[PDB]
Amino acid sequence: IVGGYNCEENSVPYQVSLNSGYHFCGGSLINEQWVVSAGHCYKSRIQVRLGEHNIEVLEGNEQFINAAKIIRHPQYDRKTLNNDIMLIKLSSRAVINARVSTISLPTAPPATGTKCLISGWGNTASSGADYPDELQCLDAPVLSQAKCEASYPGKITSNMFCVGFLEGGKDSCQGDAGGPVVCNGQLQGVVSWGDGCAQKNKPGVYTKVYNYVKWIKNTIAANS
């Protein structure tokens, strides 16, 4: 996250990380046993970590839970990133407390201008490599679809939107994919891609969770 801040305590209890011997993506706890992330985060083995803030120094409330089932969206497109969404079934159920809890799915598609909180342990530098210990947070509003599609001509499908600032300087970055875009208590977006990070006229593009609400419950139900 570029241009963000240290998340206050227990400010994002739904945040999780996906791990393959290093921290490589974020995700969101949406059910006692399920995390949602991006399709490009797929790996054949994944360990989920919940309740972190400092990713290098244990604070004591961390839970380490390997993925039992890992389900990339069946129409995931590696070349265009359309349907860049993924479900993960935890092999045991998370213990719910003040630092680990679920977040609701959205009851309506993103609304232009709503303020959202985006979070993750991705890059904090727009040039180079500066990856933080402390979990990062960014308030940034949803941008209009006029603005979004002008920013990425021909490449924004109906399963995508833009969050941030056209003037640049504040964005999600590498290592943040899969992480949450939460607006008024609903998971509206998943960190997916962009042209670099925090550049002029290149805001982050995020998967619109509302379009998969039905698939998520159905796919979860079949594997419960």
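Heads up: residue numbers just count along the shown sequence, starting at 1.
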property	result
Mean temperature factor over C-alpha atoms, higher-scoring stretch between 188-196 and 30-38	188-196
Stretch with the greater mean C-alpha B-factor as recorded in the entry, comparing 151-159 against 57-65	151-159
Among 95, 87, 105, 142 - the residue whose C-alpha B-factor is largest in the record	142
Candidate set 112, 91, 101, 119 [ranked by C-alpha B-factor, highest]	112
Lowest, middle or highest third - CA B-factor, residue 48	lowest
Lowest, middle or highest third - CA B-factor, residue 181	middle
Modelled-residue ranking by C-alpha temperature factor, third containing residue 207	middle
Chain thirds of CA B-factor: placement of residue 15	lowest
Chain-wide C-alpha B factor ranking for residue 146, given as lowest, middle or highest third	highest
